[PDB]
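[1] Before the rest arrives, take these chains from my complex:
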Amino acid sequence: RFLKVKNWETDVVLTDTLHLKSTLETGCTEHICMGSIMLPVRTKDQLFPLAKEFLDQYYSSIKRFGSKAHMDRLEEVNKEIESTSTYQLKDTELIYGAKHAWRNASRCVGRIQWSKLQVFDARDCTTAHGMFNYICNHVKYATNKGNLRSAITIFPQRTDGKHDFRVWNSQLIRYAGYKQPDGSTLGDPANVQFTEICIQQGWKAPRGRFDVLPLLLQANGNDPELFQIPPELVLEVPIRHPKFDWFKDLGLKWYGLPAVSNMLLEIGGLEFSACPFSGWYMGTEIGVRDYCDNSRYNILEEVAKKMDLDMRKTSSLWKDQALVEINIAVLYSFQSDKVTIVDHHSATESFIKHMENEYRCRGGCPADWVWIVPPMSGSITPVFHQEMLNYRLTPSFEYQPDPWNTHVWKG
């Protein structure tokens, strides 16, 4: 099978063969497409094929497929699985696996960077205090005083599913949200439930608009424990606008380090339920989504008020005007503070170069158009015009449900 994708702006046509390596299901069928649906212990029987597939991929990548070292490693893993029902990755395999999970992440526009990823091996961690220290070190390393460096920290893998490591936070750094009696929210409305969990667990909340949440960390399937990230490790950027001097008095700021902590990393059939990773922001994430979603900080009205825009009719495009100015502010602010950030134009242009490279050297690049096209100015980015094929390759990152729904409280 050879599948073609066309770019409707350039007429460049690419041929995908990599989709033949794809195993898992998409959610779609011949009768229904679920491309806009957000959410569309293994036995020893299913584990060895998965291990073998991965090791075969690894050894081919190091140009040693079929070698004694490759054959010896297959035999070693087979013997480990039959005897212990699982196996341990070599450090080399773990690094390869985490880089490839990123390379394979079809919703990620930043993948040009995939091969530059600092992997912190935390498989010797045993307690939540230990997880805390590893996470502090990750944050300090990734932050690098504003010169952000991509990184991932990998905690011990699933055993029986009763002893999971989990970070309960969806991101290492996020602001608290507090639902008021009058139904208004102070802070980030996305984090209300988790903020209530933290408070119930003993957190003394400052009750302000930008309170950095504590970490809630679960080690070895035990009840999670609270830790406050040292404030001096949490780099923030006050938001100001290059022309509008009143922009600063909105009181906005955001944190520099986007660090996803709720995903599951699968490598060779092994499952890493705690694998916080971080890169740097594309400006629209903050300026479009975090600030302007109706369910988030929701600042459009206040910004448009201050700009003296005509707010009586949507057709004046006041929302669109205010949106651009907020996104100028975010980029200006990060740039003026020398904190790494990428604009949506630059990022999408780099993504297209990455995708074309991947088609030539790999035979494809699975991509999720719904997520790759930025949430403002869609069609003035080159990705809008690029047809994409979405399919699932392993190693991979997967969404996992919040642990408060599934955890067995021990007390």
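    Noted; the coordinates are in hand. Numbering: from 1, shown residues only, chains lettered A, B, ... in the order given.

[2] For chain A, which residue occupies the most central location?
    Per CA atoms, centre = their mean, the C-alpha nearest to the average position across chain A is that of residue A:260, at 4.5 Å.

[3] Am I right that that one is in contact with residue A:169?
    No. If you go by CB atoms under 8 Å, residue A:260 and residue A:169 don't touch, sitting 9.7 Å apart. C-beta here means a position set from N, CA and C on the backbone, and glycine is covered the same way.

[4] Tell me which helix or strand residue A:92 sits in.
    Assigned by DSSP states H and E, residue A:92 belongs to helix A:91-103.

[5] on that earlier part again, partner residues bridging the residue nearest to the centre of chain A?
    Beta-bridge pairing of residue A:260 under DSSP bridges involves residue A:171, residue A:277.

[6] just the one 4 residues further on next, same as before
    With DSSP bridges as the criterion, the beta-bridge partners of residue A:264 are residue A:398.

[7] Quick one: neighbours of it, just the number.
    As a burial measure, residue A:264 scores 18 neighbours (other CB atoms under 10 Å).

[8] For the residue nearest to the centre of chain A, give me its contacts.
    For residue A:260, the contact set (CB atoms under 8 Å, 6 or more residues apart in numbering) comprises A:170, A:171, A:276, A:277, A:278.

[9] just residue A:250 next, same as before
    Counting by CB under 8 Å, 6+ apart, residue A:250 touches A:239, A:299, A:302, A:303, A:306.

[10] returning to what we had before: strand partners (parallel or antiparallel) of the helix or strand following the helix holding residue A:92?
    Per DSSP H and E, the first helix or strand lying C-terminal to helix A:91-103 is strand A:118-121. According to DSSP bridges, strand A:118-121 forms sheet pairs with strand A:151-154 (parallel).

[11] Put this one in as chain B:
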Amino acid sequence: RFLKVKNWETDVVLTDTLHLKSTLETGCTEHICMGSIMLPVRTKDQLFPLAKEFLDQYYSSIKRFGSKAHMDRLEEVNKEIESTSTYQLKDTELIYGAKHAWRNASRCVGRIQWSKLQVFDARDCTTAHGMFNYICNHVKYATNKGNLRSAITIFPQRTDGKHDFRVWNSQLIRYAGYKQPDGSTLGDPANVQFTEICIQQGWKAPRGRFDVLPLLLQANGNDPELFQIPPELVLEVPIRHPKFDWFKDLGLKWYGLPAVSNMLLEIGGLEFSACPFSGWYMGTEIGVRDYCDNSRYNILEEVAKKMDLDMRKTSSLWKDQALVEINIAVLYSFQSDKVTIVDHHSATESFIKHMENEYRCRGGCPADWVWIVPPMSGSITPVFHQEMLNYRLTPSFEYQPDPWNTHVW
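    Now chain B, sitting on the chains shown earlier:
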């Protein structure tokens, strides 16, 4: 079998059951999603189940399912197919079919309007000259001096497929494009090929930037013929800006009537290969796509220059600033000239309301999120946050390829 769609802004969850009446292939499989791919005769045996399927839904819709009139019609149609190899729709069936093809159009944000569609039955048409007359009357009816009204004109159905009616144009009203010795393009770069075929057939091209193309009409499978729409039926709008006095000096205009003319209408297995339809513009179509695509009029650079924005770096968001201004100008110009237009905020709000009606009254609404979300400001519109299921129902509009590949002269 019972699929849920969630809205992530509102937490409203809807249950889709309509997808089980889905028929044709999506292009997706369990292994690969082709959601972003633009392009993912009937024998007596294939035709009767298609007719029955349609007639059943029709008789169902007027609450006469399993009635004598239902069975009598199914009998009549079966007789007609068996003896004639095709059949003819009753006027009522044709109106219902066309409205439902619009209702079923998964890529259409304006479907809240679907039941208000004027259907012009042009199945008695026999010549290209007749086609031209029907099309001018559609144009004048739909335009209505700027108070636009949705309409479709339906020409004779495919027979053996060697006698197809086709409007060669992709829309009834579009501007010409010409390659220049200088290397650049004058006019709409999208229409360069069509314009060459027009001149090749005899059209005397004015060679300007906004030359309304002539129609190339094909009747009964003959060679297409050229007709010019009367200039006074083509309502155009000069583009100006409410703040920027200089905007009018770019010399931009667009036409008021969006009228798609290259699709195939399938009703009850019958195929209507010439079925031009029109509604009214959503402003982003002109302001974002027609004006700002790099492969189109590509005017962002000129506008940014006149706004004196910092164009040295992408992170100044000069493209995005200029984009908003162009789209403000489009809406203001149409509104000032009293030509119906809808902004993307209003259209998408209407569509969410339409989806909710369709889930409650029909059990679902097929929708293609890639097309439904506006090409600018996506997430500040409510459709960005709405999960949608995409599936193909009939009656349907299907894209068909340009006939100049098909045709033999």
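
[12] re the thing from before, what packs against the helix holding residue A:92?
    Secondary structure elements in contact with helix A:91-103, counted by 3 or more CB pairs under 8 Å, 6 or more residues apart in numbering or on different chains; DSSP states H and E, are helix A:44-61, strand A:118-121, strand A:151-154, strand A:263-267, strand A:396-399.

[13] residues in the stretch 301-411 of chain A within reach of chain B, list them.
    The stretch 301-411 of chain A has residues A:314-317, A:319-321, A:323-324, A:327-328, A:331, A:335, A:343, A:345-346, A:368-370, A:373-380, A:384-391 near chain B, with proximity defined as CB under 8 Å from any CB of the partner chain.

[14] Buried subset of those residues as a PyMOL selection?
    A single PyMOL command suffices to select whichever of those are buried according to 16 or more other CB atoms under 10 Å in any protein chain shown:
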select buried, chain A and resi 314+315+316+317+319+320+321+323+324+327+328+331+335+343+345+368+369+370+373+374+375+376+377+378+379+380+384+385+386+387+388+389+390+391
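
[15] Now, the residues of the stretch 301-411 of chain A next to chain B that are in strands?
    Using DSSP state E, no member of these sits in strands.

[16] Inside helices: which ones of the residues of the stretch 301-411 of chain A next to chain B?
    Judged by DSSP state H, these include A:319-321, A:323-324, A:327-328, A:331, A:335, A:345-346, A:369-370 as members of helices.

[17] give me the number of residues near residue A:66?
    Neighbour count for residue A:66, taken as other CB atoms under 10 Å in any protein chain shown: 10.

[18] pretty sure it belongs to a strand, no?
    No. Using DSSP: H, G, I helix; E, B strand; the rest coil, the assignment for residue A:66 is coil, not a strand.
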